[PDB]
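Next up: just one chain, as structure tokens, the form deposited in one PDB entry.
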């Protein structure tokens, strides 16, 4: 019969909002951070939910350290920094990496195991003590 809300799961009789494929009660279509409704203002979809203009800028504005652009895909968080999945690589040989790889921290930069093995002995000995 009539469209049904996807937030409270109850039938609608009046104004039907349409977003992300699902129908929404106007007061039940809310941001996931602040419980404020949109009531007509533009929403921002992110992995299934929607946000207001500012919150989406606050919690999805991770910047890639390599290409210096806002990450749209999955974010790789390491050493107080963030990388795109396809941008994350060793800082010394540019070989692509994942968090499942064994890299070392060098001035908060990722260095692949082989490269660190190629490091000078005195440097590694000094880095042990740091």
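Residue numbers count along the first chain shown, from 1.
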query: 111 to 119 set against 9 to 17, stretch whose average Cα temperature factor tops the other in the entry; finding: 9 to 17
query: Mean Cα B-factor comparison, 67 to 75 or 30 to 38, giving the higher one as deposited; finding: 30 to 38
query: Per the PDB entry, maximal CA B factor within 81, 96, 46, 100; finding: 46
query: Residue 53 - which third its CA temperature factor falls in, relative to the rest of the chain; finding: highest
query: Residue 59 CA temperature factor, ranked by third within the chain; finding: highest
query: CA B-factor ranking of residue 2, expressed as a third of its chain; finding: highest
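FYI, the form deposited in another entry isn't displayed, but the following is about it.
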| query | finding |
| --- | --- |
| Rigid-part match between this form and the one not shown, residue 99 vs residue 69 | yes |
| Shift in CA distance, residue 54 and residue 85, in the other entry relative to the form shown here, given it is 3 Å or more | closer |
| Direction of the Cα shift between residue 70 and residue 55 in the other entry, where the change is 3 Å or more | closer |
